[PDB]
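An overview of the molecular structure
Here's the letter readout for the chains.
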Amino acid sequence: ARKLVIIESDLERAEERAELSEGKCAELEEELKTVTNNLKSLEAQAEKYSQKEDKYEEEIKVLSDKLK
Amino acid sequence: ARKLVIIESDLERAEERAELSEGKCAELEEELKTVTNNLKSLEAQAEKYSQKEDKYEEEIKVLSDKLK
Amino acid sequence: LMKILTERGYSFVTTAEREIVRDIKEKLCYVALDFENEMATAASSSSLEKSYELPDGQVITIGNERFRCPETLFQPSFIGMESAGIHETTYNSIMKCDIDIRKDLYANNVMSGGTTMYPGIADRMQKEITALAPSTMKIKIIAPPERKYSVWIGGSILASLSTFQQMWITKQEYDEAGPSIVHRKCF
Amino acid sequence: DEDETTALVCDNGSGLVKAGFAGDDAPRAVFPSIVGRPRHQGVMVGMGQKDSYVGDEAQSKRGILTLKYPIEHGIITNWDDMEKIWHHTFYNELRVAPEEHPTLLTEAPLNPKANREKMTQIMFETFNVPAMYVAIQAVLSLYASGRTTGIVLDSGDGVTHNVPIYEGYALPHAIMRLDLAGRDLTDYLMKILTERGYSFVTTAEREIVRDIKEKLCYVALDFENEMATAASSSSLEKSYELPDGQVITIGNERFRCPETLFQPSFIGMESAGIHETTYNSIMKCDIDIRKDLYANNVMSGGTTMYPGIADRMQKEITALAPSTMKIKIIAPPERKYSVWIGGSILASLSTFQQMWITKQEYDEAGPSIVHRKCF
Amino acid sequence: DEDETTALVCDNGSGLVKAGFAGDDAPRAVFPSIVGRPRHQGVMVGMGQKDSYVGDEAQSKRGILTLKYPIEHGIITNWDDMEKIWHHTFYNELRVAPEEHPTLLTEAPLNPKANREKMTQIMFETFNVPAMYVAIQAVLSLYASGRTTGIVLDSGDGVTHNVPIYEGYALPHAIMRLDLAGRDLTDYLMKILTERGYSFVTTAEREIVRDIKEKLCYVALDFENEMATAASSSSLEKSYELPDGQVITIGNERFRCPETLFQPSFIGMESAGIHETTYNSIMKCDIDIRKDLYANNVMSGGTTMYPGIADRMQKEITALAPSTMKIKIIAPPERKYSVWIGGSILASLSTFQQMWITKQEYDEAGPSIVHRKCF
Ligand SMILES: Nc1ncnc2c1ncn2[C@@H]1O[C@H](COP(=O)(O)OP(=O)(O)O)[C@@H](O)[C@H]1O
Ligand SMILES: Nc1ncnc2c1ncn2[C@@H]1O[C@H](COP(=O)(O)OP(=O)(O)O)[C@@H](O)[C@H]1O
Ligand SMILES: [Ca+2]
Ligand SMILES: [Ca+2]
């Protein structure tokens with residue numbers, strides 16, 4: 001009867017840490033998808049900013065020549 | 001005595017589900033650590049690129065005036 | 001107990017039998033995880049009442065009596081004391097120390113004593129602490145399955161140490177510094 | 001190692017103790033120059049506390065420690081504690097005996113004369129050093145970056161130094177010293193933090209202020225235009241989960257404190273900004289020697305790592321400076337270790353022999369040997 | 001009263017709510033800033049308890065009350081209970097409608113920004129205040145004592161503030177804030193009292209600790225010389241019959257606790273003593289401005305009423321301070337109401353018009369009107 005309590009109590013500990021872990025893991029998994037999307041989005045913008053400032057580099061150069 | 005056998009059948013189920021979750025949870029956390037590292041990295045570059053174009057446009061504006 | 005026992009045609013009056021209250025207490029009485037959800041469960045006469053034949057001969061079907069009294073532990077408001085719960089006082093002691101010294105304290109919590117033997121004593125702490133405590137690192141409480149004799153196991157330690165010589169009081173030391181020898185060397 | 005014999009490189013400041021083995025390009029074991037005791041009385045028995053808690057062991061656990069820093073930019077509050085800082089350097093991390101390999105330390109420009117003789121006393125008489133020199137902070141980095149003609153402004157947490165070294169050191173003054181860096185920014189935060197229900201009270205957690213600072217805090221390009229932007233809660237506040245557990249949405253807090261750098265008027269000092277003092281040093285030199293100084297500006301130190309540090313200089317300088325030639329500032333993307341890269345240089349030079357102090361040289365010219373040969 | 005119209009003076013802290021009528025020199029109805037409910041459930045029917053028990057009515061009967069203080073030095077644990085503290089102030093004791101007379105409150109130096117806007121919300125939107133200002137604690141007392149050139153250290157039970165105000169406020173920092181006063185001394189006693197078979201457990205009786213404290217407890221001039229004196233049972237123990245009936249022979253208990261004031265190391269805080277922080281603020285100002293600061297020192301607050309408070313300062317200061325000119329500390333024999341006497345000043349000034357906030361001014365500049373005009 002006592003041994004039953006020991007194992008039954010472990011079941012409560014196991015069930016508790018299981019639902020808690022899965023609950024946060026699911027929340028984390030969903031969050032990663034949002035962060036990953038933000039990464040892809042920001043990376044895309046950075047690419048547009050990089051190619052733009054580079055276009056100004058060749059633009060400011062040719063203008064400097066015409067000015068000279 | 002019979003209940004002592006049944007109680008054990010439910011224990012192993014919660015333990016595995018907790019371990020399986022912990023395995024992926026740790027992987028997601030590690031992945032997040034890598035993504036967030038590049039996130040702020042790209043953000044820093046994006047801010048830098050934004051600073052460059054601002055200075056370029058400012059200089060180009062001056063070059064145009066001197067050209068005229 | 002004897003106070004609240006009066007409502008159930010029971011009353012351990014004198015001190016002699018009062019001592020027995022403790023005996024039965026440490027073999028069945030447990031702590032409620034949440035009094036609210038266990039209030040409706042009272043209707044279900046299954047997890048509450050349990051036949052306990054008093055050695056002499058007088059059955060006591062303790063059920064709601066089990067998790068009503070221990071509630072006083074976390075709620076000292078049931079006996080006219082403003083003393084905050086054992087999880088509030090914990091904050092009071094932590095907030096005094098440095099800021100960069102909490103992350104390691106939560107990692108390991110030493111809960112000892114025979115009072116930490118009842119069912120539902122450690123799991124409850126991990127529910128109330130996390131609330132008014134930092135939520136980022138992992139929190140684990142170390143409650144030795146037999147944490148009552150923790151003091152004695154530690155007593156065996158200091159009892160075999162020689163460095164302990166620079167702590168105890170020698171016969172002559174008392175006569176050389178009067179009766180205040182205790183609070184003159186120790187602290 | 002069947003190559004040579006007796007060689008090593010070192011460098012200390014108000015942040016990290018940069019050091020390594022013989023003939024290295026980069027440091028090997030950097031650690032915070034901290035040291036404290038126990039405000040907690042360290043379980044007195046779970047060891048006779050002592051060892052103030054210096055090194056990684058100290059930086060790991062801050063709570064027990066009352067981090068009391070010894071060398072605040074120039075002034076050494078106490079030398080007795082310095083004894084067991086170098087006892088941790090050569091013996092624990094470096095794993096070499098100081099009674100064998102030379103040592104190349106750094107010199108805080110214009111350091112009290114009495115200090116030099118005191119240091120030498122700790123090495124020669126106690127740690128027995130038959131060869132060592134204490135080079136002058138900035139000049140070292142010059143030869144590393146590959147510049148012979150530029151103006152150096154090397155500073156991190158210690159003291160700000162405007163060293164116009166492009167063809168000669170030790171000559172007209174044209175140099176400045178300003179106790180306004182690192183720890184100044186580390187202590188000022190807790191003050192202004194009070195208005196946001198935050199307060200890093202003691203010194204132990206004060207050290208963390210610097211940790212978070214170097215990962216987000218930036219400098220405002222123009223405070224006026226960014227004042228109205230405050231309404232737009234997007235570029236300001238950012239969720240920073242404190243390791244323990246207490247979010248801090250730093251936003252306007254990021255570009256408010258750094259403003260003190262260019263405006264020392266926020267801490268009761270008439271000291272002019274780092275771009276004014278630059279003029280003060282340039283106006284002293286000849287007239288026909290400025291056009292080349294503006295062409296290249298050596299901005300070094302960990303203080304020159306924050307966002308918006310170089311671009312701001314090119315805005316304020318051009319104003320009160322000649323406007324004809326092109327102006328470019330050379331700020332090495334990693335300009336903190338510029339001193340160490342330069343340390344590796346002088347560490348492998350043989351001409352350096354006519355600089356350091358030999359064991360016997362000290363006894364032949366008394367304690368004044370330092371200021372009798374060096375300068 | 002056929003004189004003027006709409007005028008009043010007020011002041012609150014962590015001890016008493018100092019307030020009076022229009023154009024007064026001294027307060028009229030001071031009362032403890034307390035407030036609690038019923039740990040006894042107040043005969044639930046011998047009234048629907050409610051009214052937490054604030055004011056003289058509360059201080060009279062402590063037993064039934066669970067005195068839970070709202071504003072602990074800076075932080076307000078809860079604003080909801082503050083609602084029915086001011087509802088007791090203007091209406092019961094002052095006997096005047098807040099929708100008529102202005103109000104002059106005090107400002108805890110460096111108070112959270114979010115708090116100012118919250119307070120204004122309670123007055124303007126609810127209690128309808130067409131004119132009011134919240135002056136800054138210390139600066140007020142300066143004009144009362146008749147000093148224009150001194151350093152003020154005003155503090156009682158709230159928070160310690162070193163305000164070097166002798167020719168300008170709001171400038172370099174040179175100010176400090178320390179949560180170590182009043183309630184800190186009120187809570188620390190019960191701890192050490194345990195060793196003498198005494199223990200003021202709950203908060204209700206904790207308040208009494210302060211009552212007896214301010215009638216006997218004194219500060220030790222030198223703990224070393226008074227340690228041997230302990231043998232002489234004459235200057236230590238003194239029969240104090242507790243009103244109820246329980247003698248307490250306080251002796252060494254008197255000068256043990258106050259020692260924490262000068263030694264904050266007894267409660268785990270690296271905060272330096274009030275005489276060290278004084279240096280910290282003086283060393284920031286110019287060099288040729290100290291000789292006049294030492295000449296006169298404004299020590300105010302009820303904390304500066306205990307025996308042996310001024311003489312001790314003249315012992316520790318002279319040590320780490322310039323020793324040439326004369327040094328004198330001005331501690332008004334009744335320096336607690338220094339803030340109120342100064343409150344009466346600003347309350348009768350018309351220049352004060354260019355400080356307070358008018359009804360319309362709030363709607364014309366939103367809730368930020370406070371930090372847009374004031375500072
Ligand atoms: N990338 C970085 N960004 C911001 N701060 C940095 C960076 N790298 C180093 N630091 C900081 O610079 C300081 C060390 O700079 P350093 O020039 O070596 O100082 P010192 O010479 O006064 O010892 C430390 O406070 C460190 O945290
Ligand atoms: N003569 C006195 N001796 C000792 N304590 C006093 C004396 N007069 C007032 N006090 C105490 O000083 C405190 C009020 O000081 P005060 O400076 O007004 O505080 P606060 O500004 O924090 O409200 C109260 O605790 C009061 O009992
Ligand atoms: Ca340095
Ligand atoms: Ca106050």
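Residues numbered from 1 in each chain as written, not as in the entry; some residues may be left out. Chains lettered and ligands numbered in written order. Part of a larger assembly, values for the part shown. Heavy atoms only, no water.

In the PDB archive, cryo-EM is given as the structure determination method for this entry, at a resolution of 7.70 Å.

UniProt annotates chain D under Catalytic activity with the comment "ATP + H2O = ADP + phosphate + H(+)". Turning to chain D, the UniProt record has this under Subcellular location: "Cytoplasm, Cytoskeleton". (UniProt positions renumbered as here; feature names shortened; annotations may be inferred.)

Quick notes on the site of ligand 2
Residues and elements named next belong to chain E. Residues in close proximity to ligand 2 total 13 residues, the closest being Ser-14, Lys-18, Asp-157, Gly-158 and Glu-214. One of the backbone N or O atoms of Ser-14 is found 2.7 Å from an oxygen atom in ligand 2. When isolated, ligand 2 has an accessible area of 580 Å², and the protein chains bury 84% of it. Here the residues of the shell around ligand 2 sort into 1 nonpolar, 7 polar and 5 charged. Split by domain, the residues of the shell around ligand 2 number at least three in each of domain 1 (4-34 + 71-134 + 337-371) and domain 3 (136-181 + 271-332). (Near = heavy atom within 4 Å. Polar contact = N/O pair within 3.5 Å; in protein donor to acceptor, adjacent residues only side chain to side chain. Areas by Shrake-Rupley, 256 points an atom, 1.4 Å probe, with all protein chains shown as cover. Nonpolar A, V, L, I, M, F, W, Y, C, P; charged D, E, K, R; others polar. Domains from an automatic or database assignment.)

Quick notes on the interface of chain E and chain D
Counting residues at the interface gives 12 residues for chain E, matched by 11 residues for chain D. Summed over both sides, the interface between chain E and chain D buries roughly 1100 Å², with carbon and sulfur atoms accounting for 56% of that surface. Its largest share of buried area at the contact with chain D, chain E owes to E:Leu110, E:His173 and E:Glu270, together 45% of the area lost on that side. Across the chain E-chain D interface, the total number found is 2 salt bridges. In this structure, E:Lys113 and D:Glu195 form a salt bridge, with 3.5 Å as the shortest nitrogen-oxygen distance. (Contact = heavy atoms within 4.5 Å. Buried area = accessible area lost by both parts, 1.4 Å probe. Salt bridge = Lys/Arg side-chain N within 4 Å of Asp/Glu carboxyl O.)

Details of the site of ligand 1
Residues and elements named next belong to chain D. Within the structure, ligand 1 sits among 13 residues, and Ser-14, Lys-18, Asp-157, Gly-158 and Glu-214 are positioned closest to it. Residue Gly-15 places a main-chain N or O atom 3.4 Å away from an oxygen atom belonging to ligand 1. In this structure, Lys-18 approaches ligand 1 through a side-chain N or O atom, which is 2.7 Å from an oxygen atom. Protein contact buries 84% of the 580 Å² of open area that ligand 1 shows by itself. A per-class count over the shell around ligand 1 returns 1 nonpolar, 7 polar and 5 charged. The residues that make up the shell around ligand 1 include at least three from each of domain 1 (4-34 + 71-134 + 337-371) and domain 3 (136-181 + 271-332).

Structural notes on unusual backbone geometry
All names here are of chain E. Residues other than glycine seldom take positive phi values, yet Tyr-53 does so here, at roughly 90 degrees. Looking at where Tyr-53 falls in the secondary structure, it is placed in the loop between β2 (17-20) and α1 (56-60). Phi angles above zero are rare outside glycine, and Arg-95 is one such case at about 60 degrees. Position of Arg-95 relative to the elements: it lies in the loop between α2 (83-93) and β5 (103-107). By relative accessible area, which is 66% here, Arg-95 ends up exposed. (Helix = DSSP H or I, 4+ residues; strand = E, 2+ residues; numbered from the N terminus. Buried < 20%, exposed > 50% of the residue type's maximum accessible area, 1.4 Å probe, protein only.)

Topic: the sheet that holds strand β7 (residues 151-154) of chain D
Ordered in space as β7-β10-β11 (chain D), the 3 strands form an open sheet in which the pairing is parallel. Since the sheet does not close on itself, it has two edges, and those belong to β7 and β11 (329-330) of chain D, each with one partner. (Pairing = 2+ DSSP bridges.)

Quick notes on the packing of aromatic side chains
According to the stated counting rule, one finds 17 aromatic pairs over all chains in the structure shown. Relative to D:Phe375, the ring of D:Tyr169 lies with its centre 6.3 Å away and its plane at 75 degrees, an arrangement referred to as edge-to-face. One end of the pair, D:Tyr169, is in the loop between β8 (160-161) and β9 (177-178); the other, D:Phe375, is in the segment after α14 (370-373), and 206 residues separate them in sequence. Stacked on the ring of C:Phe74, the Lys or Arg C:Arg124 has its end atom at 4.6 Å from the ring centre. The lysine or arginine in question, D:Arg196, covers the ring of D:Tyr198, its NZ or CZ lying 4.5 Å from the ring centre. (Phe/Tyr/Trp six-rings, centres within 6.5 Å; stacked < 30°, edge-to-face > 60°. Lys NZ or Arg CZ within 6 Å of the ring centre and 35° of its normal.)

Points about the relation of the copies chain E and chain D
Taken as rigid bodies, chain E and chain D are interconverted by a rotation of 167 degrees and an axial shift of 28 Å, the fit giving an RMSD of 0.0 Å. In this assembly, only 8% of the residues forming the interface of chain E have copies in chain D that are likewise at the interface, indicating a heterologous arrangement. (Least-squares fit on C-alpha atoms.)

Description of the relation of the copies chain A and chain B
The operation relating chain A to chain B is a screw motion whose rotation component is 158 degrees, with 0.4 Å of axial translation and a residual RMSD of 1.3 Å. A share of 91% of interface residues in chain A that are also interface residues in chain B marks the association as one of identical surfaces.

A short note on the sheet that holds strand β12 (residues 357-358) of chain D
All names here are of chain D. Judged by pairing direction, the sheet is mixed, and its 3 strands sit side by side in the order β5-β6-β12 without closing on themselves. Each edge of the sheet is formed by a strand with only one pairing partner; in this case those strands are β5 (103-107) and β12. Note: β5 against strand β6 (residues 131-136), 5 bridges, orientation parallel. Looking at the pairing, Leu-105 lines up with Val-134 of β6.

Looking at the arrangement of the chains
In this assembly, 6 pairs of chains are in contact, and the pair contributing the most contacts is chains A and B. You won't find any contact between chain A and chain D; their C-alpha atoms come no closer than 13 Å. Contact between chain A and chain E is absent, and the least distance between their C-alpha atoms amounts to 31 Å.

A closer look at helix α2 (residues 83-93) of chain D
Residues and elements named next belong to chain D. Turning to α2, its buried residues number three or more, namely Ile-85, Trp-86, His-88, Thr-89 and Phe-90. Among the structural elements, β5 and α3 (113-127) are those in contact with the buried residues of α2. Once α2 finishes, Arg-95 follows within two positions and takes phi at roughly 60 degrees, a positive value.

Some points on the nonpolar core
Residue and element names in this part refer to chain D. Core analysis: the biggest nonpolar cluster contains 32 residues, and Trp-86 and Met-123 have the highest contact counts within it. Elements represented by at least two residues in this core include exactly α2, β5, α3, β6 and α12 (338-347). Top element by residues in this core is α3. It accounts for 4 residues. The residues touching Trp-86, leaving out its near neighbours within four places in the chain, are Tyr-91, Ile-122, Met-123 and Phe-127. (Core = buried A, V, L, I, M, F, W, Y, C linked by side-chain atoms within 4.5 Å.)

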